[PDB]
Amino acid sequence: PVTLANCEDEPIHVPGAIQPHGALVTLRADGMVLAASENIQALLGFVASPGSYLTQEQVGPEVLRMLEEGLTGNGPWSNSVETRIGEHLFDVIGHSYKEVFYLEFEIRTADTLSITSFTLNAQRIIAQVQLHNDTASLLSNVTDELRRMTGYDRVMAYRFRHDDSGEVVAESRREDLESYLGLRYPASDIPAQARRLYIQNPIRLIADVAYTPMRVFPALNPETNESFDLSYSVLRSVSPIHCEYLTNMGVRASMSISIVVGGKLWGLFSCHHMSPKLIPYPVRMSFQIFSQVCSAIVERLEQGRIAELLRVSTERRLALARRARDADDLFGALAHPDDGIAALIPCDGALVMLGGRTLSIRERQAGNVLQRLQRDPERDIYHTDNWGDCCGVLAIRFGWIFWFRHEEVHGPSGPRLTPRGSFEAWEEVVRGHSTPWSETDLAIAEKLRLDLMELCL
């Protein structure tokens, strides 16, 4: 069973069920049917039964021809074919994962997207990514152009803070709906297994939210005695908790393109529709390549950005060092608000201490803290939240230095699952918390301390 307590540990990769807008058949390396969704018969007029092998006369030669090239293939398999089965024309998408072949039958409802038309989609959307040299212009723009394309009546962009928390930094919607810019959720709104997934799968599609799931039997793969891993499965089934959530938002359909930097989910575009919605495989696949592109483009942008700040910052220290080391008045050099140490780490208030002379730039909380490290008289460095009147406190020893950050920063069934609700349970974790001390800010205070360890007079 799934509650607000079993939220973060839910194995959403191995649900043993799929959404109903298609059907699943799984097979072992030799083509034998190991399991299938319970709707096959309804959808397709086969009754795939374990031990069976599919035959032209239920699945068409186009499928088997396909699957064969999968069975006699060497690497990770992925492919698909647009066959017509008895009742309907189909998008049948296969792929092998672990040691299992999945055949997912998703219902095609269109004409054929020319191998060309497909391209101008991809190219039309990539085009947006390459106009801009600013990371936020980028998101703002593509966020628009995606809507013009899909028709999804809400499409947003999310950025993910280092704490894996989440913020809505771009949006385009149908006016009727409430706006979302600036909204913040917790890391806890997207579990490590969903996040892990979104990293693996560029694109996730929820066809209908209140869908009533369709199960695969056996729920467990006899060959392996483990359940079936449906990551990389298209009709894989969505966690109920997240289904409740979307409904509490008044949403019926979904889709998300991923953005990935490092090996991490840097953020994602999320598509919402007030009614059910289904983007075809082929289109999704224009977006899959979009995502690859987008992520790259965003990665090099961001490495350049921080590379820069990182430079502007270190050039500062080094400047400050020659200035102090080459003057005799260090108190006057070290505390000039422009040659100010405050210039070095991003803070609200700072402090130079050496001898019996102090200066509170931007003094009392300092009587206490030099009293805290009294039980630690061999520390040359100090750092903390959530703590007088300022919570951020970083302290380096040479004679001391201090940097501060105060933190003025900024129906249904379950307790938390809503927009303004996840932000209500976001806040209570962040009032103890000043803007956390960047991996860069410990390196700055550190280099600086050492740097002044140098001055002999």
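Counting begins at 1, following the sequence as shown.
Colleague: In terms of residues present in the deposited sequence but not modelled, what lies between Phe398 and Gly399: none, 1 to 3, 4 to 9, or 10 or more?
Modeller: Missing in between: 4 to 9 residues.
Colleague: Please say, as none, 1 to 3, 4 to 9, or 10 or more, how many residues of the deposited sequence are without coordinates in the interval between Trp387 and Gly388.
Modeller: Per the deposited record, the segment joining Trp387 and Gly388 lacks coordinates for 10 or more residues.
Colleague: Check the entry's C-alpha temperature factors for 305-313 and 107-115, then say which stretch has the higher mean.
Modeller: Per the PDB record, 107-115.
Colleague: Tell me which stretch, 58-66 or 411-419, has the higher mean Cα B-factor listed in the entry.
Modeller: Averaged over C-alpha atoms, the B-factors run higher in 411-419.
Colleague: From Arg322, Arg364, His132, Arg124, which pick has the Cα B-factor that tops the rest in the entry?
Modeller: The C-alpha B-factor peaks, among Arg322, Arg364, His132, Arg124, at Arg364.
Colleague: Considering only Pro186, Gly332, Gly151, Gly86, which residue's Cα atom bears the greatest B-factor as recorded?
Modeller: Top of the list by C-alpha B-factor: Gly332.
Colleague: Using the B-factor values recorded in the entry, state whether the Cα atom of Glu38 falls in the lowest, middle or highest third among the modelled residues of its chain.
Modeller: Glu38: CA B-factor falls in the middle third of its chain.
Colleague: Name the third of the chain's ranked CA B-factors that contains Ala48, choosing lowest, middle or highest.
Modeller: Middle third, going by the recorded CA B-factors of the chain.
Colleague: Classify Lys264 as lowest, middle or highest third according to the C-alpha B-factor given in the PDB entry, relative to its own chain.
Modeller: CA B-factor rank for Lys264: lowest third.
Colleague: Which third of the chain does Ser137 land in by C-alpha B-factor: lowest, middle or highest?
Modeller: Answer is middle: the recorded C-alpha B-factor places it there.
Colleague: Looking at the temperature factor on the CA atom of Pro436, which third of the chain's modelled residues does it land in?
Modeller: For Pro436, whose C-alpha B-factor we compare with every modelled residue in the chain, the answer is the highest third.
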